[PDB]
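Presented below is the structure to which this report refers.
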Amino acid sequence: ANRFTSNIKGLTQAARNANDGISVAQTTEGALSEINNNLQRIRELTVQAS
Amino acid sequence: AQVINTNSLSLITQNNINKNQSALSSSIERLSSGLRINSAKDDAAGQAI
């Protein structure tokens, strides 16, 4: 029972820590959306100025 | 009843409910915008093309 309790607490803590990764990746994709849109805009007036 | 120290019966439902908010939030956020990707979460090839 002691081993199972320790294992369950560890699994719960790891499961809680896991969502940190998806939060970080969501922040990163939100940040790089700016790079995507700005690069597309640069391509836009690059086509314009060609 | 016999077991009370861990009420498994109450705890079973929470798993399904937690799996449910994922689909609920996904559907509502795809509705709020006119787009279906709305993120990098979904199939990234479709949004790349």
- Task: Filter the range B:17-42 for residues that are among the charged types (D, E, K, R) and more than 14 Å from chain A (Cβ to nearest Cβ) and give the result.
- Result: B:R30, B:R36
- Message: Step by step: first the residues of the range A:17-33, then only those that are within 13 Å of B:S39 (Cα to Cα) and over 9 Å from the mean Cα position of the chain (by Cα), then the one that is farthest from the other protein chains (Cβ to nearest Cβ). Which residue is that?
- Response: A:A31
- Message: If I filter the range B:6-16 for residues that are within 14 Å of chain A (Cβ to nearest Cβ) and either among the aliphatic types (A, V, I, L, M) or touching a helix residue (DSSP H, G or I) at 6+ places or on another chain (Cβ under 8 Å) (or both), do I get at least one hit?
- Response: yes
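Reconstructed Cβ throughout: ideal geometry from the backbone, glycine too, with neighbour counts over all protein chains shown. Laboratory data are not the source of any read-out in this text; all were calculated from the coordinates shown.
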